[PDB]
Engineer: 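Right, I'll just put the structure down here and ask away after.
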Amino acid sequence: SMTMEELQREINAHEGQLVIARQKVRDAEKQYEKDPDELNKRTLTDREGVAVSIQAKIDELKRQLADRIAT
């Protein structure tokens, strides 16, 4: 239900979000190391999970796109 152009835009949008997400992991790391309390720990772990999940969506979108070039 996506054109090829839509699929590529969706890949590019997620790739942008990944870069932003990894930045927020870096910041949450330093915050955690400055002050390693439970809330700062939780926030780092959640920032990490967000990066993992975006990467998984990118992987899936790229798999679709590859399969359609093949198709």
Side-chain angles (χ1 to χ4, degrees), residues 1-33 35-56 58-71:
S1 63
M2 276 192 284
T3 62
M4 216 73 172
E5 288 85 10
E6 278 181 300
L7 198 40
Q8 188 67 64
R9 285 190 285 277
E10 208 60 20
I11 288 151
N12 301 345
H14 287 79
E15 261 158 0
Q17 289 166 223
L18 185 55
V19 176
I20 300 173
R22 290 192 166 140
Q23 173 57 30
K24 291 192 205 152
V25 175
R26 284 182 280 291
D27 288 330
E29 281 170 6
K30 292 150 81 158
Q31 171 144 338
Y32 169 73
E33 267 147 359
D35 210 329
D37 60 20
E38 286 296 314
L39 273 168
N40 279 345
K41 179 191 270 175
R42 177 199 70 161
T43 296
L44 176 47
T45 300
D46 289 349
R47 293 296 191 192
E48 283 165 346
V50 161
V52 162
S53 69
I54 297 174
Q55 177 65 72
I58 294 162
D59 289 350
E60 190 48 50
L61 289 168
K62 286 174 149 171
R63 168 184 294 109
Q64 281 161 233
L65 183 91
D67 284 0
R68 292 168 57 164
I69 292 166
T71 269

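Counting from 1, the numbers follow the sequence of the chain as shown.
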Engineer: Linking I/L/V/M/F/W/Y whenever their side-chain heavy atoms sit closer than 4.5 Å, directly or via other members, would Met2 and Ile11 fall into one cluster?
Structural biologist: yes
Engineer: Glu10 and side-chain contact (heavy atoms from CB on, under 4.5 Å): which partner among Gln8, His14, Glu6?
Structural biologist: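 Option passing the side-chain contact (heavy atoms from CB on, under 4.5 Å) with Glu10: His14.
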Engineer: At their closest point, which heavy atom of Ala51 faces which heavy atom of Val25, and how far apart are they?
Structural biologist: CB-CG2, 4.4 Å
Engineer: To the nearest 0.5 angstrom, please state how far the OH atom of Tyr32 sits from the OG1 atom of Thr43.
Structural biologist: 12.0 Å
Engineer: Under a 4.5 Å cut-off applied to non-hydrogen side-chain atoms, are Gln31 and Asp27 in contact?
Structural biologist: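 Not in contact.
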Engineer: Would you indicate whether the side-chain heavy atoms of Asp67 and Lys62 approach each other to under 4.5 Å?
Structural biologist: no
Engineer: Could you go through the salt bridge (charged side-chain N to carboxylate O under 4.0 Å, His left out) check for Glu38 and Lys41 one step at a time?
Structural biologist: CA-CA 5 Å; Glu38 286 296 314; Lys41 179 191 270 175; 3.3 Å; yes
Engineer: Can a salt bridge be assigned to the pair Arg63 and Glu60 using a cut-off of 4.0 Å between side-chain N and carboxylate O?
Structural biologist: yes
Engineer: Among side-chain atoms of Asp59 and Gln55, is any donor-acceptor pair under 3.5 angstrom?
Structural biologist: yes
Engineer: Do side-chain atoms of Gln23 reach the backbone of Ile20 as a donor and acceptor pair under 3.5 angstrom?
Structural biologist: no
Engineer: Do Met4 and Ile69 make a side-chain contact, defined as non-hydrogen atoms from C-beta onward lying under 4.5 Å apart?
Structural biologist: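 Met4 reaches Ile69 side chain to side chain.
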Engineer: Is there a side-chain contact between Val50 and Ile54 (heavy atoms, below 4.5 Å)?
Structural biologist: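 A side-chain contact exists here, since the closest heavy-atom pair is under 4.5 Å.
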